[PDB]
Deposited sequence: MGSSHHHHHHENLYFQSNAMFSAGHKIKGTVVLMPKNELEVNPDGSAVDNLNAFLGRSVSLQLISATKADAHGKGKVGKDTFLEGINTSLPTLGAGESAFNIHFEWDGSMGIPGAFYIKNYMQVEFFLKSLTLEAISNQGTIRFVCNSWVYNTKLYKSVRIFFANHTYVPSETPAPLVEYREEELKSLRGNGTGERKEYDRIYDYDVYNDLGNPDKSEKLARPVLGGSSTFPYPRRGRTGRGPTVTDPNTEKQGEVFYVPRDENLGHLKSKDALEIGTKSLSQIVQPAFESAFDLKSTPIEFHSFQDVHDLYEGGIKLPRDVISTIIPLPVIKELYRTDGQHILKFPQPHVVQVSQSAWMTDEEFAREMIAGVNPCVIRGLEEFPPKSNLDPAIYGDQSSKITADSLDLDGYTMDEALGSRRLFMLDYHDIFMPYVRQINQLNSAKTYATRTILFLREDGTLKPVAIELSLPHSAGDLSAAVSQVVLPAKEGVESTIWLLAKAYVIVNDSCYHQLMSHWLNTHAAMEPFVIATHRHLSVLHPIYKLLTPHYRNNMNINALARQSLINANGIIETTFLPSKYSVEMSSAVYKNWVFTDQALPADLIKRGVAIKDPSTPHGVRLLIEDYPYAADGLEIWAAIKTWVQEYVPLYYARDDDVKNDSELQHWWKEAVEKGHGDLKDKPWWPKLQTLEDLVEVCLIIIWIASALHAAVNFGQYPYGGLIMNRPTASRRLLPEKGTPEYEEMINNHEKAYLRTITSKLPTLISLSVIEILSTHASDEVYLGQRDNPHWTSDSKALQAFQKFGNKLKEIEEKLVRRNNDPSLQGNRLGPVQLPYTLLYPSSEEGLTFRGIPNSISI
């Protein structure tokens, strides 16, 4: 009789860290009709059908994959299959890749893209269901699939209670109340971030471990921070499981390094710049037991060259691959504000002196002490520089001032709230022309140290003071980069959208299909970060200036986060680095014409925009179709009201009642997840792998004349600098982490790629996606030409001779300084 021939592709667990065992009655599939229903309107369900044998005749599966034959009975009463149930009767879970129902014609083949772990059947409340690869808005769902579609969303939402288990697939929200460890020590207590006006914050994925005993508002510790199962990516190669390196670094490598310092087996401090360069030349010699602890660990072992006995050697950072000293030029200091690790904070300055919005009743007179007449603007007057839009600034004054007092009370942290003035030279490069180093002076609670202005100098002790002023600025910048440009604006801001998408858009939904590639690995890296990166006494607190105030500073900045200002053109306009100009291809004119991040970013932005504008009309012809999609409406309402709920009343949220709003929302989400993250992430070790170039912390203020510290500035400027910036032990730990986080796994999926070519059956969507990938390849060719253009050398390469490749769409594996993943995946 008639049978439907199927092929099941799966991966046994050991591949992602005997095939005959899958045969017999080990694995049952049941087809589900999309066209014929039972008396309650639900698609008819076929009989249990088991895997029949191993298929070895297929044209090479992917690594670790095995294919199995199956044949389903399916008479005329059953209609057309559109879904299936699967039950795993084996003890061990397996990774289900796909089901394919073969047909006479390729046209008739029915494909199911699953990519999901299937645990033993007794671990599931309801049987796992998978849908064919057709795409439907809710009003197009075949009637026999409507209830299944909704019941699956209900299953994914859960009920807001219970500890989440490894095999759960439940997506929900919670506040950042899991970072402190008060049951261990009150030193480890941290404010809850989110759920208040004092500390507003994006929500994260609910884990449900339950309260601590000492603080009912803080979540107890656990060995594993849950994510919904299919968010926890398995990898064929352990070296690609980069996210696990943070936990090893904090829990194993960091105590190993600490022991070498405690035992005085290695100098406690760097004593010259050459001691730092040594780290990637001959390496660092450490006790054998420290080497033996570190080098066998997955992911960690890839970070260092070693002899297995005595030496760890870091890779040579890109920033020093051509010149060891160019980082210390004023040219490079300014260039990195437009082409460095954090190229998105500089602003136009349209008046002089710069102003503060902070209350002098709190901090003392907040007037800027920089005088226009003190600046060398290459012969320009201040009025000319302002009128010609040549003045810019890197302004950390108002951001840092409210935290300076409490940071400076910590042992071995001292900072200023800095402001750097930049001039756009006639040659198109930026020139730093003044640094203001500000301290609060509450009249009644100051200390004795004063604010001051430092001007450029090339000789004498004043040149060292200027070099130190640059370090204070870059400590501010490094903190803002890692906590705000990077952690807050990418990792943290995106996770609410991931959760809302799974809770409210079916796998069938076109906008689920559009957005979910841009979420790959994001909940997973974030959960591992809550455990080991941003936790109390974790990697960032123990290596960056603000210590226990680090994450809360990001919540203070989130007060000002605006979703629609994350769009690249809006960001550039808001920061005064571009103006609206409809006579240009991108609709904005850059005020720094050779601004590599912005100029390349606008190309990528435009390509994403075209893709979203082509894809949306395939599913929504009119504004009313957007209004009428109940999944989409619930999705966006929840993303805002719950996911970003502390900002839910802000007037700038798109209402999502039009095609233009749907395009804008999707475009911004994709931009944040792909290009924005890439631009702020993949330069971490390339630029920051030399601690002097990107200091993470400062430990003392400027010395006063007539002290031994001032005499050291005169006699040993390198030691003065090294004593001011991050100490050697936290340097080793922070270099290690940024090396991990700058690495592309070999199984990454980049912008213009998907994890399966059959993600939809809709040929128009597949065609539009192909055009997007082709456009990205054309853009890459254009960006290569920019880097090869000698006219652009000053900003695109600088004296470090490092071509700006962070917005090249494609990359090979490794620490490449290029390539745009689809998602926030590391």
**Request:** No C-alpha coordinates anywhere in a stretch? Then put that deposited-sequence range on the list, in order along the chain.
**Result:** 1-23, 41-49
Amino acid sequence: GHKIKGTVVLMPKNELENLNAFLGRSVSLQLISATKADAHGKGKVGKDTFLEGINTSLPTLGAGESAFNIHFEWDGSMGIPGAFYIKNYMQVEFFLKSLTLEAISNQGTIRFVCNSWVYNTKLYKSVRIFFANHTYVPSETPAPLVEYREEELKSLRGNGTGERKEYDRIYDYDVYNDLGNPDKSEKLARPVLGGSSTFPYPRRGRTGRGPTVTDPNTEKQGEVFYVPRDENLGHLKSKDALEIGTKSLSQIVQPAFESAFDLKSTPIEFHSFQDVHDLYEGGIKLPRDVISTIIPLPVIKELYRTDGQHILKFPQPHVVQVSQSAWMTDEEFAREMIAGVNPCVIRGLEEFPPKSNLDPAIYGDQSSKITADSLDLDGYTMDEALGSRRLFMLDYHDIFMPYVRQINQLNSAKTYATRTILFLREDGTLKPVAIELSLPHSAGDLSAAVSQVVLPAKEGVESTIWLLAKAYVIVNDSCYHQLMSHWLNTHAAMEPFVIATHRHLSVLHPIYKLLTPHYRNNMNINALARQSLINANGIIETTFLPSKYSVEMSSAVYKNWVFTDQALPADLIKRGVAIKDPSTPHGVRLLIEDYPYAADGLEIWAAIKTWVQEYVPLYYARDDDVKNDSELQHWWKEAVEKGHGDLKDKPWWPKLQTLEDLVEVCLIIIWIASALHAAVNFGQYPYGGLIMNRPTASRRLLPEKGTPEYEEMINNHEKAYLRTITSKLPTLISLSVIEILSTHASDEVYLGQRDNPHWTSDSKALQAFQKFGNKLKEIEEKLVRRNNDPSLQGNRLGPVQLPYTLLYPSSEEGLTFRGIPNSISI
From here on, numbers count along this sequence of modelled residues.
**Stretch with the greater mean C-alpha B-factor as recorded in the entry, comparing 413-421 against 121-129** = 121-129
**Comparing 404-412 with 597-605, the one whose average Cα B-factor in the PDB entry is higher** = 404-412
**Complete:** The residue of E631, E384, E269, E436 with the maximal C-alpha B-factor according to the PDB record is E384
**Asked** Out of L51, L776, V800, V784, which one has a C-alpha B factor higher than all the others in the entry?
**Response** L51
**Request:** Can you work out whether the C-alpha temperature factor of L807 puts it in the lowest, middle or highest third of the chain?
**Result:** lowest
**Asked** Relative to the other modelled residues in the chain, which third contains the C-alpha temperature factor of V8: lowest, middle or highest?
**Response** middle
**Complete:** Chain-relative C-alpha B factor for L156 (record values, thirds): the lowest
**Asked** Going by the entry, which third of its chain does the Cα temperature factor of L656 land in?
**Response** highest
**Prompt:** Going by the entry, which third of its chain does the Cα temperature factor of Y226 land in?
**Reply:** lowest
